[PDB]
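Data first, discussion second: the structure below is written as structure tokens.
Note: ideal-geometry Cβ built from the backbone for every residue, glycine included; neighbour counts use all protein chains shown. Each answer follows from the model by the rule given with it, or from the source it names; no laboratory instrument gave them.
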Number of protein chains: 2
Amino acid sequence: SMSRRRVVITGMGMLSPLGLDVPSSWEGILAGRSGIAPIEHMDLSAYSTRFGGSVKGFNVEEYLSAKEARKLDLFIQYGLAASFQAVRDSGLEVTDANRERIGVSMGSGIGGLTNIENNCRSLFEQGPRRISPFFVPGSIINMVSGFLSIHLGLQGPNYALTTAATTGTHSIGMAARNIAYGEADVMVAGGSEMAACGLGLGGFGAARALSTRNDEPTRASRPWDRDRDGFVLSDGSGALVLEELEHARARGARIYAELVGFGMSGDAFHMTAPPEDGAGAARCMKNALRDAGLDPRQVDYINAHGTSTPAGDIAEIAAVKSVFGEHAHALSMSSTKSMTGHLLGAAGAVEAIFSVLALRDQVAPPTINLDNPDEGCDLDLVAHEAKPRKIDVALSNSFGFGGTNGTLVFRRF
Amino acid sequence: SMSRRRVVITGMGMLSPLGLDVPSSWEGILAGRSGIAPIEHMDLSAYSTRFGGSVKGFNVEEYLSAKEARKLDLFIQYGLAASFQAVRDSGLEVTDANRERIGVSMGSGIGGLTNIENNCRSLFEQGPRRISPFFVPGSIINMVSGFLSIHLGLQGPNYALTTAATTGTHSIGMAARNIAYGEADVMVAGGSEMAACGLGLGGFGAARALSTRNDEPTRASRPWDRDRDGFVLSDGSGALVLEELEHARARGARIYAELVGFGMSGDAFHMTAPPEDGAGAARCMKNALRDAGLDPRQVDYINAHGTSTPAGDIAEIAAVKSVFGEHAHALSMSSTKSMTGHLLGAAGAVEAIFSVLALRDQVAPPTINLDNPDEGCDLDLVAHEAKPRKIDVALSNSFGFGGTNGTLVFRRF
Ligand SMILES: C[C@H](CCC(=O)O)NC(=O)c1cc[nH]n1
Ligand SMILES: C[C@H](CCC(=O)O)NC(=O)c1cc[nH]n1
Ligand SMILES: [Cl-]
Ligand SMILES: [Cl-]
Ligand SMILES: [Cl-]
Ligand SMILES: [Cl-]
């Protein structure tokens, strides 16, 4: 704990509704662009929600051969894309000397819902003889970590989290712990999701979790706005190359930031709804700050969970107020879900990247669509437009079904 | 690493094809009873495999009210059952003083395949308005950890692994790390699975992973036997209460054993097939022994992965030979999958329990059906009948799709 190794971010990668890499996504974020649109090439006329954030124009053949790619669900494709981008971005070379010290932890919330839909259809219409032989290996959540390790020869710790909307945040935090306690020197960590099929929209629609603002998809995700009506379902991926500091310094790696804190908590409250005061979120953020050895006054920017739900958004404000007190009125906090929608198991991965870039570029991304902040939402929520400011420390929150909570703390380096 | 806290097992719980708790399962194991039978209340006439290990006579109402239980997929039901059994067995009392120091890590390989099947059927026949509102929260893998935390008021680290057949082993190992590095004082860890639906049998059947010995289901699982033809799909759950040693001693807990070692590796080889020498398994077992600070000569019993696959079984023997050398001929190694079949994400959880009970009762469980050991399978594989012997250290292996590997080391206490 006092003798643990320090962990830095040397590589990043992303597919989002705003772009096919980190630079293009971030340009969208800093412009206040929505990635949400009507979902195409899919007949959603029966569904109460017919829009979301899709990854537009993705070519898996930049990362995999066609033959390899056809084995895999889109969530795996997306996770490999972000991973390969992050590894490349890191400049790391995998050798016989280091391959056992490099692991992977790429998770998903829902996994291969699209493959399950297609295979279920084949099963019901034709029978079990039309199930793909790649159905199981190409749809299971740990096959990002698995295929990444195969393709790059990674022999270190190899696993996958699934903690709903918290997955990406946990995947990064726990990979950092791996490095900090010397179980690995490098980890590829993050997550991916592709739930914009009928089971996903249908499932989340039946749970009454989604916005139904079909007439104005770009206005649907509106965190802390009084006309919010639930979250927007989005697809994509994020990956970070985490690396022990001295390992990174020794090879002259470009270091984007230091991952100084990781906190976890459980609400122990409700399956899908938070406690109204956000007490689990508060405990989680405290754990993270204490983990980082930071005073709350050192936090400059919070990338909120901020999913555009009635209860969730207000609970998150209550938690930030509780943890930060008067300093809650000094920091900036925004929800990039206003633009990206909710990427579920990838949300914390892409939001970790946006947090790192906020530190790099000294700029708080906007919460777009925040026209009439609800009762109690009186913080600097960066309404409408990106805000240049001093950011030495950034915090990223994720909260998921089951009351599972994760916070990461990043520090300028 | 040198200053980490020690971790002991103070509670255990299980549903398996051999019983509805730990004592009844273990009685079956020590008798050499098969849990495999034709799967009933399910029309499998179109499928190439029509048998498996089902949990027979389970009453979820012993653990949950009917109202709560109807929200949840069977895999969640099974995981809560084992968890509640383990917590009860531990004698731990959850209070305002300790609830933030008690977490949960219960995983699954496949998750709520049964719920997805049912909901997919409703979606296709009727439309998205017949999807259950509980479909998403009651089918996602992290809802064991989530519901357990809600029901028992656990506010500590709350997560879920999904690493195929390795899930249960990773869930225990990583929960132990939580305690060892002081992120929690107690963890409920393990896994659960219920894949014996059509998508599971169909999926694994299309992948050519399963035995098709429909005429003699009890003979199908035959690890290291020359007539093996793939694994047997089984359902169930296992949970351990892990606890910091001084915490357990201070409350006078009954301690079953000490969890001394956890190792991970990745093969970085093939999606579904191992390297023929089992080199990943070897690295993993070495990592675990080094983690435990044990000489290979200290291992008395190995609970093998031993799934009854052509390549897998031989690769595991090669790995044990490589790691243990001449001591490979001194230990006993058995596969309890001979009796239980392959519980997928729960396999390592139930096999951790069988390893702990081997230490408690000084007895190596049998590998039943091992009539003609294949070329190279010349170890003490405990063919046919349980073998009383000295066991101070037991090792449990799990290997999963993606080449992800896990080993746990338990020591008498
Ligand atoms: C239970 C919800 C999960 C959010 C999601 O599905 O992404 N949690 C919150 O909304 C929340 C707010 C503050 N703390 N938890
Ligand atoms: C790739 C397989 C996974 C086994 C399973 O699906 O449960 N791995 C082995 O069989 C194996 C044997 C030795 N090392 N890995
Ligand atoms: Cl298909
Ligand atoms: Cl619009
Ligand atoms: Cl239904
Ligand atoms: Cl039989």
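For segment A:218-236, filtering for residues that are under 18 Å from the mean Cα position of the chain (by Cα) and among the hydroxyl-bearing types (S, T, Y) leaves 2. Can you tell me which residues in segment B:286-321 are within 24 Å of B:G230 (Cα to Cα), more than 10 Å from ligand 2 (Cβ to nearest atom) and more than 21 Å from the chain's Cα centre (by Cα)? Passing the criteria: only B:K321. Residues in segment B:172-183 that are surrounded by 24 or more Cβ atoms within 10 Å (Cβ to Cβ) and either aliphatic (A, V, I, L, M) or more than 10 Å from chain A (Cβ to nearest Cβ) (or both) were compared, and the one that is farthest from B:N287 (Cα to Cα) is B:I179. Reported count of residues in segment B:387-404, each being over 16 Å from B:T367 (Cβ atoms) and under 13 Å from the mean Cα position of the chain (by Cα), is 3.
Being among the small types (G, A, S), within 22 Å of A:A281 (Cβ to Cβ) and in contact with a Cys (Cβ under 9 Å, 6 or more places away or on another chain) is a property that holds for A:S265. Just one residue in the set A:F231, A:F204 is surrounded by 22 or more Cβ atoms within 10 Å (Cβ to Cβ), under 24 Å from A:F354 (Cα atoms) and aromatic (F, W, Y); that residue is A:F231.
Here the condition is being crowded, with 23+ Cβ neighbours inside 10 Å, outside the structural domain of A:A207 (by TED's automatic domain parsing), in contact with a helix residue (DSSP H, G or I) (Cβ under 6 Å, 6 or more places away or on another chain) and over 24 Å from A:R290 (Cβ atoms); of A:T404, A:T367, it holds for A:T367 alone.
Taken together, A:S221, A:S211 contain a single residue that is away from ligand 6 (no atom under 16 Å from the Cβ), of a type in the set (S, T, N, Q) and within 20 Å of A:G348 (Cα to Cα), which is A:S221. Considering the conditions (1) among the hydroxyl-bearing types (S, T, Y); (2) within 7 Å of another protein chain (Cβ to nearest Cβ); (3) over 23 Å from the mean Cα position of the chain (by Cα), A:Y159 is excluded by exactly one of them, (3). Listed by first and then second residue, the pairs with beta-carbon distance under 7 Å, at least 6 apart or on different chains, first residue in segment A:152-163 and free of Cβ contacts under 8 Å to residues at least 60 places away in the same chain and surrounded by fewer than 24 Cβ atoms within 10 Å (Cβ to Cβ), second of a type outside the set (V, I, T) and not in a loop (DSSP other than H, G, I, E, B), are A:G153/A:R99.
Only one of the numbered conditions (1) within 16 Å of ligand 5 (Cβ to nearest atom); (2) within 12 Å of chain A (Cβ to nearest Cβ); (3) not hydrophobic (A, V, I, L, M, F, W, C) is violated by B:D73, and that is (2).
You will find that of A:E62, A:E125, A:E40, A:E93, the residue that is away from chain B (no Cβ under 13 Å) and free of Cβ contacts under 8 Å to residues at least 12 places away in the same chain is A:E93 and no other. For segment A:241-296, the tally of residues that are over 28 Å from A:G376 (Cα atoms), buried (at least 17 other Cβ atoms within 10 Å of the Cβ) and of a type in the set (D, E) stands at 4.
Considering every residue within segment B:124-132, establish whether at least one is under 26 Å from B:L18 (Cα atoms) and assigned by TED's automatic domain parsing to the domain that holds B:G191. Among the residues of segment B:124-132, not one is under 26 Å from B:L18 (Cα atoms) and assigned by TED's automatic domain parsing to the domain that holds B:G191, which makes the answer no.
Residue by residue, here is whether (1) closer than 28 Å to B:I140 by Cα; (2) more than 16 Å from ligand 5 (Cβ to nearest atom); (3) of a type outside the set (V, I, T) holds:
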residue	(1), (2), (3)
A:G153	no, yes, yes
A:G156	yes, yes, yes
A:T166	yes, yes, no
A:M174	yes, yes, yes
A:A189	yes, yes, yes
A:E193	yes, yes, yes
A:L199	yes, no, yes
A:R213	yes, yes, yes
A:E243	no, yes, yes
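Residues that are surrounded by 24 or more Cβ atoms within 10 Å (Cβ to Cβ) and farther than 26 Å from A:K56 by Cα within segment A:334-364 are absent altogether.
From the list A:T212, A:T169, the lone residue that is outside the structural domain of A:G402 (by TED's automatic domain parsing), over 18 Å from A:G11 (Cα atoms) and away from ligand 2 (no atom under 16 Å from the Cβ) is A:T212. Is it the case that some residue within segment B:124-132 is crowded, with 24+ Cβ neighbours inside 10 Å and not in a helix (DSSP H, G or I)? Yes: segment B:124-132 contains one or more residues that are crowded, with 24+ Cβ neighbours inside 10 Å and not in a helix (DSSP H, G or I).
Taking every residue in segment A:268-287 that is more than 9 Å from every other protein chain (Cβ to nearest Cβ) and pairing it with any residue that is basic (K, R) and near ligand 1 (Cβ under 7 Å from one of its atoms), at least 6 positions away or on another chain, yields no pair with a Cβ-Cβ distance below 8 Å.
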